[PDB]
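Side chains included, hydrogens not; waters and symmetry mates left out as well; all remaining heavy atoms used. Every chain is numbered from 1, with letters handed out A, B, ... down the list of sequences.
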Amino acid sequence: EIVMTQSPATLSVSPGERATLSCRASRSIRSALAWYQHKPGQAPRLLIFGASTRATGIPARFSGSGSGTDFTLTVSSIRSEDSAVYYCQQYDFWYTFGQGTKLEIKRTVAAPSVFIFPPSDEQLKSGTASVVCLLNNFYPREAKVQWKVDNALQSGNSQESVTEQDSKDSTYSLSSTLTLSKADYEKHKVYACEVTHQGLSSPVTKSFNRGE
Amino acid sequence: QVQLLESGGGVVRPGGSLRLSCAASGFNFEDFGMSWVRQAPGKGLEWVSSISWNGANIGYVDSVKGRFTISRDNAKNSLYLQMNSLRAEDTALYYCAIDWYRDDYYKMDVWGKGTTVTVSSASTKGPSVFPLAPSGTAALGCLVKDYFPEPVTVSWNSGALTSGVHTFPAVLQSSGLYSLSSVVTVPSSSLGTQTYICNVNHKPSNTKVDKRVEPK
Ligand SMILES: OC[C@H]1O[C@H](OC[C@H]2O[C@@H](O[C@@H]3[C@@H](O[C@H]4[C@H](O)[C@@H](OC[C@H]5O[C@H](O)[C@@H](O)[C@@H]5O)O[C@@H]4CO[C@H]4O[C@H](CO)[C@@H](O)[C@@H]4O[C@@H]4O[C@H](CO)[C@@H](O)[C@@H]4O)O[C@H](CO)[C@H]3O)[C@@H](O)[C@@H]2O)[C@@H](O)[C@@H](O)[C@@H]1O
């Protein structure tokens with residue numbers, strides 16, 4: 001089978017600049033090479049076919065070229081909406097996608113807005129308490145979250161989740177969920193969420209008192 | 001509104017079988033070759049199978065030869081994929097797509113939304129939905145906890161509310177069940193005059209929940 005090798009794996013590029021993506025075929029695919037944009041949550045979108053021909057409605061800032069085994073796609077005047085995974089696909093002999101290039105839009109540093117949510121009374125009826133800490137609209141993606149219960153640092157009882165890069169403002173959001181039994185939850189008063197990020201002067205703490 | 005609509009996904013034990021279907025509308029289905037393309041969790045797009053417009057040329061990726069069978073019914077405007085001897089690597093979202101117009105030219109610019117195949121011994125469980133209650137800008141949300149399998153869809157005010165919404169990717173809990181949150185930031189002044197309802201749908205278990213999120 002034909003192996004399609006893409007490079008680089010990842011790419012972080014600021015708006016207005018241009019980035020070049022490379023695709024290599026293990027043997028000649030002549031000109032039957034296509035490029036796809038795949039935004040998370042949507043179907044793949046054809047950008048280029050025939051190595052260098054733009055599909056319907058694709059603007060001129062998408063430029064593809066190549067022949068045989070070596071191909072490029074150059075994306076100029078990059079916009080926040082370009083945050084996506086880009087795939088090549090040979091269609092000379094059936095079809096093979098490359099492993100994809102994930103393009104992140106490098107924007108300016110933005111600090112997290114932090115919110116904490118106590119467990120709902122409804123959930124407490126089930127015997128579990130989920131304390132959720134929200135970090136909203138920050139960049140870059142790297143952020144640290146520490147849980148402190150009655151000034152005791154928590155470890156091993158939380159899980160994080162990060163959204164895909166926002167297509168309009170290029171930020172990320174992160175949730176950390178502290179999960180405790182109803183009994184363990186009801187033995188302590190202060191539940192705190194401490195957030196460290198490059199855009200904050202010192203770490204930020206949001207807390208609540210159980211019952212207030 | 002050319003449209004491709006996949007259906008038939010679900011949970012099937014390893015070694016089992018499933019039949020996927022794709023209903024086309026808005027074009028001459030008999031004029032186009034069709035392909036199945038899948039995306040396994042945490043992986044890229046992988047072409048699976050193709051049948052030409054007239055059934056004269058049929059292809060499969062090597063790993064599904066002898067297990068999958070593609071077919072079409074032009075009278076029903078439908079494409080099918082019979083998936084036998086399911087493996088863990090078959091767990092994926094399955095898209096149908098046109099590929100060629102006849103034997104004339106590659107087109108491949110019409111795709112469906114995908115249907116999910118989960119290869120597992122585990123049982124289907126629907127989610128519980130709890131509110132994330134608010135306290136210039138306020139944040140509120142919904143906690144969708146303890147469901148299987150993926151995925152869950154969340155909207156706000158039946159899709160009217162979209163600005164400021166963040167639905168997080170699910171997290172696999174140690175219990176084997178998935179959990180996620182969906183949040184939105186809103187003006188504080190609107191907290192009492194505006195209603196906020198998240199709409200959670202988990203098709204595999206026929207769970208539809210509409211949760212009001214009010215200040216406590
Ligand atoms: O290194 C070995 C060589 O591998 C490749 O060639 C292998 C041999 O295949 C032929 O040449 C290629 C020609 O293949 C087409 C054929 O028309 C058709 O018949 C093939 C079967 O016979 C062989 O025993 C098996 O390979 C096959 O099972 O199938 C292939 C592929 O056809 C589909 O692929 C593209 C996708 O865009 C499209 O043309 C066809 O798709 C299907 O058809 C309809 C549209 O008509 C679509 O709806 C549907 O997807 O096609 C190539 C010209 O581009 C030839 O390469 C023999 O000539 C080879 O010996 C190849 O990589 C070669 O360069 C290598 O040397």
Query raised in the report: With the threshold set at 4.0 Å, does a side-chain nitrogen-carboxylate oxygen contact exist between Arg79(A) and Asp82(A)?
Result: no
Query raised in the report: Can you tell me if CZ on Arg87(B) sees more than 12 non-hydrogen neighbours from other groups inside 6.0 Å?
Result: yes
Report task. Give, as side chain, backbone, both or neither, the part of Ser35(B) having an atom under 4.5 angstrom from any heavy atom of chain A. Result -> side chain
Report task. Could you tell me which portion of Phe115(A) (side chain, backbone, both or neither) has an atom closer than 4.5 angstrom to a non-hydrogen atom of chain B? Result -> side chain
Report task. Can you tell which part of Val37(B) gets under 4.5 Å to a heavy atom of chain A, answering side chain, backbone, both or neither? Result -> side chain
Query raised in the report: Taking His202(B) as the fixed residue, which of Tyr178(B), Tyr147(B), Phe148(B) is the one that meets the ring-ring contact (aromatic ring centres under 6.0 Å, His included) rule?
Result: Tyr147(B)
**Report entry** Portion of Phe168(B) that has a non-hydrogen atom of chain A nearer than 4.5 angstrom
**Finding:** both
Query raised in the report: What part of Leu140(B) is in contact with chain A, defined as an atom under 4.5 angstrom from a non-hydrogen atom: side chain, backbone, both or neither?
Result: backbone
Report task. Examine whether an atom of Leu132(B) lies under 4.5 Å from a heavy atom of chain A, and if so say whether it belongs to the side chain, the backbone or both; otherwise answer neither. Result -> both
Query - Ring centroid separation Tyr101(B) to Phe32(B) under 6.0 Å - result: yes
Query - Donor-acceptor under 3.5 Å (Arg141(A) side chain, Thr171(A) main chain) - result: no
Mind listing the side-chain donor-acceptor pairs of residues 41-56 of chain A below 3.5 Å, one per line with the distance, residues two or more places apart or on another chain?
| from | atom 1 | to | atom 2 | distance (Å) |
| --- | --- | --- | --- | --- |
| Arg45(A) | NH1 | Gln37(A) | OE1 | 2.7 |
| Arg54(A) | NH1 | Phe62(A) | O | 3.0 |

Query - Basic-acidic side-chain contact under 4.0 Å: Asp70(A), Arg24(A) - result: no
**Report entry** chain B interface, residue from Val162(A), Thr128(A), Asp169(A) that has the most non-hydrogen pairs under 4.5 Å
**Finding:** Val162(A)
Requested in this report: Answer with side chain, backbone, both or neither: which region of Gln173(B) has an atom nearer than 4.5 Å to a non-hydrogen atom of chain A?
Outcome: both
**Report entry** Options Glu160(A), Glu1(A), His38(A), ranked by heavy-atom pairs under 4.5 Å with chain B, top entry
**Finding:** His38(A)
Report summary line: Turns out that what part of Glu122(A) lies under 4.5 Å from chain B's heavy atoms comes down to both
Query raised in the report: Do the rings of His197(A) and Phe138(A) sit parallel, tilted or perpendicular, given the 30° and 60° boundaries?
Result: perpendicular
Requested in this report: Measure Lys145(B) against the heavy atoms of chain A and call it side chain, backbone, both or neither at under 4.5 Å.
Outcome: side chain
Report summary line: Bottom line for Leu172(B): the part with an atom under 4.5 Å from chain A's heavy atoms is backbone
